[PDB]
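Note sheet for the following structure.
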Amino acid sequence: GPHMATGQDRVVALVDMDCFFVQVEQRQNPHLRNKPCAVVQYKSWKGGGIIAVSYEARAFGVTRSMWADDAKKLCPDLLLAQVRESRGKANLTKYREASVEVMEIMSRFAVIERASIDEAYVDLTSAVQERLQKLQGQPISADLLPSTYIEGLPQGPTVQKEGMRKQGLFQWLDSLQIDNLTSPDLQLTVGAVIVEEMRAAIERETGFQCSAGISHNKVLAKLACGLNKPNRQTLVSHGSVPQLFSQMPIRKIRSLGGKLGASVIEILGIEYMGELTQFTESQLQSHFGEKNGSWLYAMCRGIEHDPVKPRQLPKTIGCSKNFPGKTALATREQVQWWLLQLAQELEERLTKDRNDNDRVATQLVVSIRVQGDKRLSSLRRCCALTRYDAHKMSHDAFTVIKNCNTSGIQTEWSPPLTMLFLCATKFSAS
DNA sequence: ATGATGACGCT
DNA sequence: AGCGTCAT
Ligand SMILES: Nc1ccn([C@H]2C[C@H](O)[C@@H](COP(=O)(O)NP(=O)(O)OP(=O)(O)O)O2)c(=O)n1
Ligand SMILES: [Mg+2]
Ligand SMILES: [Mg+2]
């Protein structure tokens with residue numbers, strides 16, 4: 001009882017932009033606003049590959065990874081914006097710059113952890129402490145939570161969505177203990193007030209809408225965020241966890257969407273996260289390892305300790321291109337020309353990064369894929385990154401990979417290359 | 001023939 | 001170091 005920790009020590013939010021690359025293109029081009037529309041890369045192969053989809057287009061069944069020619073069969077009026085192409089490859093600069101707009105606004109509120117191009121975790125524990133003291137001891141109005149859902153409410157003894165949202169919010173607020181500055185539910189509620197402010201600032205200052213989750217840890221905040229996307233935020237309290245997890249497929253929890261989650265399901269013969277509570281910690285560690293077993297034992301009870309790391313900037317800067325099917329690179333000079341294209345984009349990004357962020361990368365990682373292999377990378381080699389010079393980086397990358405060539409000729413490359421990747425890593429202050 | 005990314009764990 | 005998992 002008195003000594004069982006409940007994982008309620010922190011307030012953590014996750015903010016995730018709604019259909020992010022689409023909103024970037026819709027801000028730029030008002031003709032795309034409030035329309036079914038998608039962002040595509042490489043127009044020549046089947047209209048291009050879809051990498052982002054507006055909610056109007058999702059209603060027709062358009063998804064990521066669809067070819068645009070195929071998406072047009074579901075949604076004949078679908079509008080498209082194409083990713084910029086530079087040096088024969090997709091160039092994601094516009095979306096990285098738009099990401100920086102959002103991450104700089106979030107950082108005014110709390111130190112962030114950049115988790116992807118369009119999301120960040122926030123540890124609001126300290127901001128909440130300070131807002132609680134400024135708040136005297138006065139009630140939190142529903143008006144301060146105009147886009148907040150309380151997961152699991154309403155419950156107990158309306159037929160539209162907004163009606164239900166408010167009924168649940170009313171039940172929550174009506175039962176809150178405001179005189180107790182250490183109540184975790186009160187802390188989450190104040191965290192949600194702050195996230196409303198944060199989301200209003202992002203939309204005001206950028207034009208972009210987003211969703212968010214507010215809970216006691218990263219996994220629950222991430223799960224919470226997706227429950228009422230788009231343009232809404234969701235509070236998942238500790239008390240909401242048993243019911244929420246009772247029908248929650250294991251693969252929906254972050255880090256369990258792959259082979260480990262499949263093995264949890266297969267080895268234990270279960271489907272839902274809540275069902276994990278019936279195993280001892282030792283039993284879970286016996287199947288999945290010490291670290292995973294302890295993580296699962298705590299996570300299925302809503303408890304997780306992974307900190308919000310103070311990191312706003314990516315740790316690596318990389319440039320990648322595939323060469324699928326018949327386009328696989330088969331000669332030495334093809335290989336050199338494309339390494340050079342990659343290296344030129346990398347230099348551009350590295351130089352900008354050194355001026356903006358006062359650091360330099362010191363290691364260059366070169367990765368390739370061979371036709372016939374199975375995996376994301378076939379082979380990775382590093383060397384020193386001592387100069388931001390594209391001809392030197394590309395010459396160096398060739399040097400460290402040039403013996404992967406099984407060909408007995410000089411001018412040919414075998415087995416042909418289906419992917420090249422350059423990645424700058426190991427940053428030092430500058 | 002989705003692709004272009006990016007963090008982090010195991011060894 | 002170099003490989004693999006998981007993720008957007
Ligand atoms: N596999 C993926 C997933 C996302 N992305 C890019 C495009 C997306 O707009 C952006 C953010 O990914 P996301 O958060 O998973 N989805 P998106 O923001 O488009 O829509 P929501 O479902 O979050 O509203 O990363 C990508 O290029 N490849
Ligand atoms: Mg998003
Ligand atoms: Mg995201």
Side-chain angles (χ1 to χ4, degrees), chain A residues 14 16-21 38-53 62-71 82-96 99 113-121 218-219 222 225-226 229 251-263 288-292 295 306 309 311 313-328 341-342 345-346 349 363-369 371 373-384 400-401 404 418-427:
Chain A
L14 180 279
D16 184 278
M17 305 304 298
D18 299 331
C19 51
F20 186 42
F21 290 12
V39 173
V40 291
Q41 54 190 12
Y42 300 120
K43 205 84 198 68
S44 315
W45 183 263
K46 287 170 181 179
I50 289 177
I51 66 178
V53 190
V62 183
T63 65
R64 178 198 307 124
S65 91
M66 218 164 238
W67 303 117
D69 285 347
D70 293 328
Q82 61 196 63
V83 175
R84 176 172 148 201
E85 283 170 30
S86 309
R87 297 187 210 74
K89 68 183 292 295
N91 185 293
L92 300 173
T93 300
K94 183 196 302 185
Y95 312 108
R96 291 191 185 100
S99 176
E113 184 182 335
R114 179 202 194 268
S116 77
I117 198 166
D118 90 321
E119 69 212 78
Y121 293 96
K218 292 166 88 172
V219 162
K222 175 62 167 166
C225 182
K229 212 176 223 298
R251 67 179 174 276
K252 302 302 177 172
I253 279 49
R254 199 221 60 214
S255 77
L256 302 186
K259 300 172 178 201
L260 174 62
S263 70
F288 311 116
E290 180 183 323
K291 289 347 217 176
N292 288 333
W295 189 92
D306 181 15
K309 300 173 178 193
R311 188 185 57 73
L313 297 180
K315 285 184 152 167
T316 58
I317 292 185
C319 293
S320 169
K321 188 168 167 63
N322 293 352
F323 304 93
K326 226 180 179 330
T327 72
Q341 302 320 288
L342 292 179
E345 177 179 338
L346 185 57
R349 282 161 61 197
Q363 176 172 79
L364 179 68
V365 172
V366 186
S367 177
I368 66 177
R369 252 274 289 186
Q371 200 151 64
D373 178 332
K374 322 329 170 274
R375 297 166 304 188
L376 191 41
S377 164
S378 290
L379 185 136
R380 256 166 288 195
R381 296 283 191 269
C382 59
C383 61
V400 298
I401 70 159
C404 286
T418 51
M419 180 280 291
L420 292 174
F421 165 73
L422 297 177
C423 183
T425 68
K426 295 196 186 320
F427 286 88

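The basis for the numbers below is simple: all heavy atoms, side chains too, and nothing from hydrogens, waters or symmetry mates. Proteins come first, then strands; the chains are lettered A, B, ... in the order of their sequence lines, and each starts at number 1.
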Under 4.0 Å, heavy atoms only, any strand: does A:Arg251 hit a base, just the sugar-phosphate, or nothing?
nothing
Report which part of the nucleic acid A:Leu379 touches: base, sugar-phosphate, or nothing (heavy-atom distance under 4.0 Å, all strands).
sugar-phosphate
Please give, in whole Å, the distance from B:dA4 P to A:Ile50 CD1?
16 Å
What is the nucleic acid contact for A:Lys46, judged by heavy atoms within less than 4.0 Å: base, sugar-phosphate only, or nothing?
nothing
Does C:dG4 have its OP1 or OP2 closer than 4.0 Å to a side-chain nitrogen or oxygen of A:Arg375?
yes
Looking for any heavy atom pair under 4.0 Å, which part of the strands does A:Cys423 touch: base, sugar-phosphate only, or nothing?
nothing
Answer with base, sugar-phosphate or nothing: what part of the nucleic acid does A:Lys89 contact at a heavy-atom distance below 4.0 Å?
sugar-phosphate
N or O in side chain of A:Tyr95 less than 4.0 angstrom from B:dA4 OP1/OP2:
no
Select base, sugar-phosphate, or nothing to describe what A:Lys326 touches, counting heavy atoms under 4.0 Å on all strands.
nothing
Have a look at A:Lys374 and say if it touches a base, only the backbone sugar-phosphate, or nothing, with a 4.0 Å heavy-atom cut-off.
nothing
Please pick, from B:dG3, C:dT8, B:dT5, the nucleotide with the shortest atom-to-atom distance to any side-chain atom of A:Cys319.
B:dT5
Residue matched to B:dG3 through Watson-Crick or wobble contacts both under 3.5 angstrom:
none
With a 4.0 Å cut-off, would you call A:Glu119 and A:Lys222 a salt bridge?
yes
Select base, sugar-phosphate, or nothing to describe what A:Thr316 touches, counting heavy atoms under 4.0 Å on all strands.
sugar-phosphate
Whole angstrom is fine here: how far is it from NZ in A:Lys426 over to P in B:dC8?
13 Å
Counting only pairs under 3.5 Å, give me each side-chain donor-acceptor contact of residues 313-326 of chain A, with atom names and distances, residues two or more places apart or in other chains.
| residue | atom | partner | partner atom | Å |
| --- | --- | --- | --- | --- |
| A:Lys321 | NZ | A:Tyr42 | OH | 3.3 |
| A:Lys321 | NZ | A:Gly88 | O | 3.2 |

Both distances under 3.5 Å, Watson-Crick or G-U wobble: report the partner of B:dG9, or none.
C:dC3
Answer with base, sugar-phosphate or nothing: what part of the nucleic acid does A:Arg349 contact at a heavy-atom distance below 4.0 Å?
sugar-phosphate
Interatomic distance at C1', C:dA7 relative to B:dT2, whole Å:
16 Å
Measuring to OP1 and OP2 of B:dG6, would you say a side-chain N or O of A:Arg96 lies under 4.0 angstrom away?
yes
Test salt bridge (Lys or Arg N to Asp or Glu O under 4.0 Å) applied to A:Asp16 and A:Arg114, A:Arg254, A:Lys229, the passing residue
A:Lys229
